[PDB]
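Engineer: The file below is my_file_37.txt, compact mmCIF, C-alpha atoms and all ligand atoms:
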# COMPACT_ATOMS: atom_id res chain seq x y z
CA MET A 1 -6.32 -20.80 37.38
CA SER A 2 -4.63 -17.38 36.69
CA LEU A 3 -0.82 -16.76 36.80
CA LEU A 4 0.25 -14.19 39.49
CA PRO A 5 3.00 -11.63 38.62
CA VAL A 6 6.63 -12.92 39.11
CA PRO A 7 8.53 -11.36 40.82
CA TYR A 8 5.57 -11.51 43.26
CA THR A 9 5.46 -8.95 46.15
CA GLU A 10 2.86 -8.87 48.99
CA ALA A 11 2.97 -6.61 52.09
CA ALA A 12 2.88 -9.13 55.00
CA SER A 13 2.90 -9.50 58.82
CA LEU A 14 4.12 -12.74 60.49
CA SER A 15 3.98 -14.16 64.05
CA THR A 16 3.91 -17.66 65.69
CA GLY A 17 1.19 -19.76 63.92
CA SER A 18 1.41 -17.71 60.62
CA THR A 19 1.58 -19.88 57.42
CA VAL A 20 2.83 -18.76 53.96
CA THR A 21 1.43 -21.08 51.21
CA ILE A 22 2.90 -20.97 47.66
CA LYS A 23 1.71 -23.04 44.65
CA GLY A 24 3.84 -22.79 41.50
CA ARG A 25 5.97 -24.75 39.03
CA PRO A 26 9.49 -24.42 37.59
CA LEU A 27 9.49 -22.68 34.16
CA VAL A 28 12.00 -25.25 32.67
CA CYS A 29 13.46 -28.80 33.21
CA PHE A 30 15.81 -29.44 36.21
CA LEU A 31 18.76 -30.09 33.76
CA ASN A 32 18.71 -26.25 33.06
CA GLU A 33 18.85 -25.47 36.89
CA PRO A 34 15.84 -23.16 37.32
CA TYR A 35 15.92 -21.27 40.69
CA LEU A 36 13.18 -20.39 43.21
CA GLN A 37 13.66 -17.66 45.84
CA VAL A 38 11.43 -16.68 48.80
CA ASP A 39 12.59 -13.66 50.88
CA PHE A 40 10.85 -12.35 54.05
CA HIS A 41 11.85 -8.61 54.06
CA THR A 42 11.87 -5.98 56.88
CA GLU A 43 10.47 -3.22 54.51
CA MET A 44 8.55 -3.01 51.15
CA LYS A 45 11.86 -1.85 49.50
CA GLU A 46 13.60 -4.79 47.70
CA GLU A 47 17.07 -3.65 49.07
CA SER A 48 15.76 -4.01 52.68
CA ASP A 49 17.04 -6.65 55.13
CA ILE A 50 15.94 -10.31 54.82
CA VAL A 51 14.91 -12.15 58.03
CA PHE A 52 14.58 -15.40 55.97
CA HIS A 53 16.16 -16.07 52.53
CA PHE A 54 15.21 -19.44 50.91
CA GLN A 55 16.82 -20.20 47.52
CA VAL A 56 16.30 -23.49 45.60
CA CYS A 57 18.55 -24.56 42.74
CA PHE A 58 16.03 -27.16 41.45
CA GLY A 59 17.61 -30.67 41.24
CA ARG A 60 20.76 -29.58 43.13
CA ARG A 61 20.57 -27.73 46.49
CA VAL A 62 18.92 -25.12 48.75
CA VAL A 63 20.63 -22.29 50.67
CA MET A 64 19.02 -20.37 53.54
CA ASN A 65 20.42 -17.15 55.10
CA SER A 66 19.58 -13.71 56.53
CA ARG A 67 20.68 -10.26 55.26
CA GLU A 68 21.14 -7.91 58.27
CA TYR A 69 22.03 -4.16 57.89
CA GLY A 70 22.83 -4.87 54.19
CA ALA A 71 25.28 -7.82 54.84
CA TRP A 72 24.70 -11.60 54.25
CA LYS A 73 25.13 -13.78 57.40
CA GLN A 74 26.13 -17.51 57.78
CA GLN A 75 24.76 -19.66 54.88
CA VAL A 76 22.92 -22.96 55.67
CA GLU A 77 23.20 -25.35 52.64
CA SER A 78 20.91 -28.45 52.20
CA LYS A 79 21.14 -31.21 49.51
CA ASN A 80 17.56 -32.33 50.47
CA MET A 81 15.58 -32.16 47.16
CA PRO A 82 11.90 -33.27 47.47
CA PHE A 83 10.99 -31.11 44.38
CA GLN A 84 10.13 -33.32 41.35
CA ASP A 85 11.33 -32.47 37.76
CA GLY A 86 8.53 -30.86 35.64
CA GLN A 87 5.95 -30.92 38.51
CA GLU A 88 3.76 -28.29 40.21
CA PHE A 89 4.85 -27.86 43.91
CA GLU A 90 3.02 -26.63 47.04
CA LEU A 91 5.45 -24.87 49.47
CA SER A 92 4.18 -24.03 52.98
CA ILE A 93 6.37 -22.02 55.40
CA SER A 94 5.14 -22.23 59.06
CA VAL A 95 6.28 -19.66 61.71
CA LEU A 96 6.97 -21.90 64.76
CA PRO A 97 8.11 -20.41 68.12
CA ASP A 98 11.85 -21.06 67.37
CA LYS A 99 12.07 -21.52 63.52
CA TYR A 100 10.50 -21.39 60.05
CA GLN A 101 9.45 -24.91 58.87
CA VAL A 102 9.28 -25.41 55.06
CA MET A 103 6.88 -28.18 53.90
CA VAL A 104 7.22 -29.32 50.22
CA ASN A 105 4.06 -31.14 48.91
CA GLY A 106 3.01 -31.75 52.55
CA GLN A 107 6.50 -33.13 53.59
CA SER A 108 8.75 -31.40 56.21
CA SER A 109 11.92 -30.59 54.18
CA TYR A 110 13.85 -27.59 55.77
CA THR A 111 13.95 -25.59 59.02
CA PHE A 112 15.68 -22.31 59.88
CA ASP A 113 15.97 -20.94 63.44
CA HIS A 114 14.79 -17.29 63.91
CA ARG A 115 17.78 -14.86 63.80
CA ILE A 116 15.39 -11.83 63.86
CA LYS A 117 11.86 -11.82 65.40
CA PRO A 118 9.27 -12.72 62.70
CA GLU A 119 7.41 -9.47 63.76
CA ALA A 120 10.22 -7.56 61.88
CA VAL A 121 8.73 -8.86 58.52
CA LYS A 122 6.80 -6.27 56.41
CA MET A 123 6.98 -7.93 52.93
CA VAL A 124 7.27 -11.36 51.19
CA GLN A 125 8.85 -11.65 47.70
CA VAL A 126 8.64 -14.85 45.56
CA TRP A 127 10.79 -14.76 42.40
CA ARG A 128 13.18 -16.40 39.87
CA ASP A 129 12.36 -19.19 37.40
CA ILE A 130 8.78 -20.18 38.47
CA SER A 131 5.14 -19.55 37.54
CA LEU A 132 2.86 -18.82 40.56
CA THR A 133 -0.90 -19.75 40.80
CA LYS A 134 -1.45 -19.35 44.62
CA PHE A 135 0.05 -17.18 47.40
CA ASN A 136 -1.50 -16.88 50.88
CA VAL A 137 -0.38 -15.54 54.30
CA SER A 138 -2.79 -16.65 57.12
CA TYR A 139 -3.90 -13.92 59.62
CA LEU A 140 -6.17 -16.04 61.94
CA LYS A 141 -4.09 -15.88 65.19
CA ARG A 142 -3.72 -13.25 67.99
CA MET B 1 8.56 -0.33 23.62
CA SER B 2 6.85 -3.75 24.31
CA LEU B 3 8.22 -6.43 26.71
CA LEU B 4 9.09 -9.78 24.97
CA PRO B 5 8.21 -13.08 26.76
CA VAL B 6 10.85 -14.30 29.32
CA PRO B 7 11.97 -17.07 29.09
CA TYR B 8 12.49 -15.93 25.45
CA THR B 9 12.99 -18.66 22.75
CA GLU B 10 13.81 -18.02 19.04
CA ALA B 11 14.73 -20.69 16.44
CA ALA B 12 18.16 -19.51 15.17
CA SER B 13 21.04 -20.30 12.76
CA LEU B 14 24.58 -18.96 13.41
CA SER B 15 27.82 -18.77 11.36
CA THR B 16 30.94 -16.49 11.21
CA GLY B 17 29.73 -12.82 11.06
CA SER B 18 26.34 -13.61 12.82
CA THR B 19 25.43 -11.14 15.65
CA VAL B 20 22.91 -11.76 18.50
CA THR B 21 21.72 -8.40 19.98
CA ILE B 22 19.80 -8.34 23.32
CA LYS B 23 18.38 -5.22 25.05
CA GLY B 24 16.96 -5.75 28.55
CA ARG B 25 17.27 -4.77 32.21
CA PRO B 26 17.60 -6.63 35.52
CA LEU B 27 14.21 -7.02 37.30
CA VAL B 28 15.72 -6.05 40.75
CA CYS B 29 18.75 -4.30 42.40
CA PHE B 30 22.23 -5.99 42.24
CA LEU B 31 22.16 -6.49 46.10
CA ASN B 32 19.46 -9.22 45.45
CA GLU B 33 21.74 -10.98 42.81
CA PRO B 34 19.43 -11.16 39.78
CA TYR B 35 20.74 -13.60 37.09
CA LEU B 36 20.81 -13.42 33.27
CA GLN B 37 21.30 -16.53 31.11
CA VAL B 38 21.84 -16.84 27.32
CA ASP B 39 22.06 -20.41 25.92
CA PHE B 40 22.78 -21.31 22.25
CA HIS B 41 21.07 -24.77 21.90
CA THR B 42 21.55 -27.60 19.32
CA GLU B 43 17.71 -28.27 19.14
CA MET B 44 14.42 -26.40 19.95
CA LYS B 45 14.03 -28.72 23.03
CA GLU B 46 15.21 -26.95 26.25
CA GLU B 47 17.01 -30.20 27.45
CA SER B 48 19.17 -30.18 24.25
CA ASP B 49 22.95 -29.55 24.27
CA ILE B 50 24.34 -26.01 24.72
CA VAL B 51 27.19 -24.90 22.40
CA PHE B 52 27.47 -21.63 24.43
CA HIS B 53 26.13 -21.05 28.00
CA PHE B 54 26.52 -17.46 29.34
CA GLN B 55 25.28 -16.84 32.92
CA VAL B 56 25.60 -13.47 34.73
CA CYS B 57 25.19 -13.14 38.49
CA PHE B 58 24.68 -9.33 38.31
CA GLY B 59 27.22 -7.47 40.52
CA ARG B 60 29.28 -10.63 41.17
CA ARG B 61 30.49 -12.89 38.31
CA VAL B 62 29.86 -14.59 34.94
CA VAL B 63 30.32 -18.29 34.08
CA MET B 64 30.53 -19.65 30.52
CA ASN B 65 30.38 -23.37 29.57
CA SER B 66 29.05 -25.94 27.08
CA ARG B 67 26.67 -28.88 27.73
CA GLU B 68 27.63 -31.79 25.41
CA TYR B 69 25.60 -35.10 25.24
CA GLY B 70 23.77 -33.97 28.44
CA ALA B 71 26.97 -33.28 30.54
CA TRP B 72 28.47 -29.86 31.57
CA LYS B 73 32.10 -29.31 30.40
CA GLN B 74 34.92 -27.10 31.89
CA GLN B 75 33.54 -23.85 33.44
CA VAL B 76 35.18 -20.47 32.56
CA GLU B 77 34.55 -17.94 35.42
CA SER B 78 35.02 -14.12 34.98
CA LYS B 79 34.83 -11.37 37.68
CA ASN B 80 34.59 -8.73 34.87
CA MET B 81 31.33 -6.80 35.62
CA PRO B 82 30.59 -3.93 33.15
CA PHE B 83 26.81 -4.22 33.96
CA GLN B 84 25.58 -1.18 35.97
CA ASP B 85 23.12 -1.52 38.94
CA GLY B 86 19.50 -0.57 37.93
CA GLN B 87 20.43 0.16 34.25
CA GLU B 88 19.16 -1.10 30.87
CA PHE B 89 21.97 -3.09 29.08
CA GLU B 90 22.66 -3.87 25.39
CA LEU B 91 24.40 -7.29 25.00
CA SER B 92 25.82 -8.18 21.56
CA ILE B 93 27.31 -11.67 20.92
CA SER B 94 29.45 -11.82 17.71
CA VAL B 95 30.33 -15.19 16.04
CA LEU B 96 34.03 -14.70 15.13
CA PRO B 97 36.02 -17.44 13.30
CA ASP B 98 37.48 -18.87 16.58
CA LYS B 99 35.15 -17.57 19.40
CA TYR B 100 31.98 -15.81 20.57
CA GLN B 101 32.71 -12.16 21.59
CA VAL B 102 30.26 -10.62 24.13
CA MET B 103 30.01 -6.78 23.99
CA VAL B 104 28.24 -5.07 26.97
CA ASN B 105 26.99 -1.50 26.14
CA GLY B 106 29.43 -1.44 23.17
CA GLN B 107 32.45 -2.66 25.31
CA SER B 108 34.27 -6.01 24.67
CA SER B 109 33.75 -7.89 27.99
CA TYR B 110 33.98 -11.74 27.45
CA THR B 111 35.14 -14.24 24.83
CA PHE B 112 34.61 -18.01 24.55
CA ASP B 113 36.45 -20.22 22.02
CA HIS B 114 34.18 -22.50 19.87
CA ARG B 115 34.01 -26.05 21.36
CA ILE B 116 31.28 -27.04 18.80
CA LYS B 117 30.83 -25.46 15.32
CA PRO B 118 28.34 -22.53 15.54
CA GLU B 119 26.42 -24.27 12.65
CA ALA B 120 25.23 -26.83 15.31
CA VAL B 121 22.99 -24.04 16.85
CA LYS B 122 19.20 -24.35 16.17
CA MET B 123 17.80 -22.20 19.06
CA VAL B 124 18.67 -19.24 21.37
CA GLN B 125 17.08 -18.94 24.85
CA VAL B 126 17.32 -15.75 27.00
CA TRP B 127 15.99 -16.17 30.56
CA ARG B 128 16.20 -15.57 34.36
CA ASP B 129 15.71 -12.25 36.20
CA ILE B 130 15.48 -9.74 33.26
CA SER B 131 12.90 -7.90 31.16
CA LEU B 132 13.61 -7.99 27.38
CA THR B 133 12.68 -5.20 24.85
CA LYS B 134 14.88 -6.26 21.84
CA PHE B 135 16.23 -9.55 20.44
CA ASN B 136 17.82 -9.87 16.98
CA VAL B 137 19.92 -12.50 15.14
CA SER B 138 21.48 -11.06 11.91
CA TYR B 139 21.20 -13.22 8.72
CA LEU B 140 23.04 -10.93 6.20
CA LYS B 141 26.12 -13.16 5.46
CA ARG B 142 26.73 -16.18 3.13
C1 LIG A 201 25.89 -13.08 48.11
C2 LIG A 201 25.03 -14.01 48.95
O1 LIG A 201 25.85 -14.92 49.68
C3 LIG A 201 25.12 -15.57 50.74
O2 LIG A 201 25.99 -16.33 51.59
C4 LIG A 201 24.08 -16.45 50.05
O3 LIG A 201 23.36 -17.20 51.01
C5 LIG A 201 23.13 -15.64 49.17
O4 LIG A 201 22.30 -16.60 48.46
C6 LIG A 201 23.92 -14.73 48.20
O5 LIG A 201 24.49 -15.46 47.11
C1 LIG A 202 25.54 -27.69 36.88
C2 LIG A 202 26.29 -26.71 35.97
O1 LIG A 202 27.67 -26.68 36.32
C3 LIG A 202 28.46 -26.06 35.30
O2 LIG A 202 29.87 -26.21 35.55
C4 LIG A 202 28.04 -24.60 35.27
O3 LIG A 202 28.82 -23.87 34.34
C5 LIG A 202 26.55 -24.43 34.96
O4 LIG A 202 26.24 -23.01 35.11
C6 LIG A 202 25.69 -25.31 35.89
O5 LIG A 202 25.60 -24.78 37.22
Could you quickly redo this structure as structure tokens?
Ligand SMILES: C[C@@H]1O[C@H](O)[C@@H](O)[C@H](O)[C@@H]1O
Ligand SMILES: C[C@@H]1O[C@H](O)[C@@H](O)[C@H](O)[C@@H]1O

Structural biologist:
Amino acid sequence: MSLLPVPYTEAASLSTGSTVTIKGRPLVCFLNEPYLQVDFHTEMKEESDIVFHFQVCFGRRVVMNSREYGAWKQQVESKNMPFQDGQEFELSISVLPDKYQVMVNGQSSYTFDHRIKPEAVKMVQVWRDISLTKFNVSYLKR
Amino acid sequence: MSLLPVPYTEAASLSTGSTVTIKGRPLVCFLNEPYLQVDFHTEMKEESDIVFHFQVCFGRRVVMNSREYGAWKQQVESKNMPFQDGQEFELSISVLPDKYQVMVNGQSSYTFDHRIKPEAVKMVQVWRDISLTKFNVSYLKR
């Protein structure tokens, strides 16, 4: 169905048991190194701090980080690449007690230990070289 | 006036005296490292070879390269950064006898010696984290 705006911004609250579900596809072939970025922000402003930064270079690598009082922290780099050239993906990001868990097409693929409480999140931004059909944050839990 | 599609693709021919003019703006603040990419391709297919690859990480750096029979060649990296945070830019790329010259807001900023004859170009693609208002290739010269 319908394409969502990219960059995509949604005001958001997160806590343990929250799930962020993203369905999209890369705009171009992996040879051209399309990117995907998901940022969990502390304010609606784009320049605000990032509790969780998740950046895919499709076909190549993923980096995760935080941006705290305007400054990037220690980068985690992964060469794990479950994403398939030319294919629609479903990303789900689960807020566990101790970490974010990133599922790609139902497969556990990345985790990132909380550096800031997930309750600090006020906004989620999904951007770079993708089309987006689905975005959901669950709000079912106390 | 009106926003052009991004990624932007135009069938193109280049030779000495050709100018490619691009007016656009970054989608987000430089702190979030928006990218710009301009690729001069040998075919309309996106996977085709790239005579001239020009990739800006806004606020940070520029890399130029070629992709020849599917394989990336020697990277040129520049820390020259005339692009201004939050501002509309005008990029012009001139085909000189021996190189591409990239003007940013009327200022000479990058050059890249021809590795393949500019006559090999069949397509220009402008993409990543920009909006586009103007794209022109000049066709005035023999
Ligand atoms: C400037 C920043 O450096 C950090 O270490 C990276 O994790 C971010 O992706 C960004 O490029
Ligand atoms: C895989 C490629 O490596 C080349 O050296 C770079 O110039 C391209 O931007 C791309 O990242």

Engineer: Can you list, as a PyMOL selection string, every protein, DNA or RNA residue that comes within 10 Å of residue 24 in chain B when you count all atoms listed in the file, leaving out same-chain residues fewer than 4 positions away?

Structural biologist: chain B and resi 3-4+36+87-91+130-135

Engineer: Nearest residue to chain B out of A:61, A:142, A:25, A:128, using only C-alpha atoms?

Structural biologist: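 Of the candidates, the smallest distance to chain B is held by A:128.
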
Engineer: Report as a list in words the set of chain A residues whose atoms approach chain B to within 10 Å, with distances computed over all atoms listed in the file.

Structural biologist: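 In the required form, that comes to residues 6, 7, 27, 28, 29, 30, 31, 32, 34, 35, 39, 46, 47, 48, 67, 70, 71, 72, 127, 128, 129 and 130 of chain A.
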
Engineer: Just checking: using all atoms listed in the file, which residue out of B:78, B:108, B:42, B:2 ends up closest to ligand LIG 202 (chain A)?

Structural biologist: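 The answer is B:78, which sits nearest to ligand LIG 202 (chain A).
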
Engineer: Give me the residues within 12 Å of residue 65 in chain A as a PyMOL selection string, counting all atoms listed in the file and dropping any in the same chain fewer than 2 places off.

Structural biologist: chain A and resi 37-40+49-55+62-63+67-68+71-78+100+111-116

Engineer: Just need the box for range 111-115 of chain A, edges along x, y and z, holding every atom the file lists for it with 6 Å tacked onto each side, so centre and edge lengths in Å to one decimal, as lines of an AutoDock Vina configuration file.

Structural biologist:
center_x = 15.9
center_y = -20.2
center_z = 61.5
size_x = 15.8
size_y = 22.7
size_z = 16.9

Engineer: Find the residue from B:66, B:125, B:84, B:107 that sits nearest to ligand LIG 202 (chain A); use only C-alpha atoms and all ligand atoms when measuring.

Structural biologist: B:66

Engineer: Pick out the closest residue to residue 59 in chain B from this set: B:81, B:14, B:104, B:126. Count all atoms listed in the file.

Structural biologist: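 Checking each candidate against residue 59 in chain B, we get B:81 as the closest.
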
Engineer: Between CA of residue 21 in chain A and CA of residue 136 in chain A, measure the distance and give it in Å to one decimal.

Structural biologist: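 A separation of 5.1 Å between them.
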
Engineer: What does the distance between atom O3 of ligand LIG 201 (chain A) and CA of residue 60 in chain A come to in Å, to one decimal place?

Structural biologist: 14.9 Å

Engineer: If I take CA of residue 18 in chain B and CA of residue 45 in chain B, how far is one from the other in Å, to one decimal?

Structural biologist: 22.0 Å
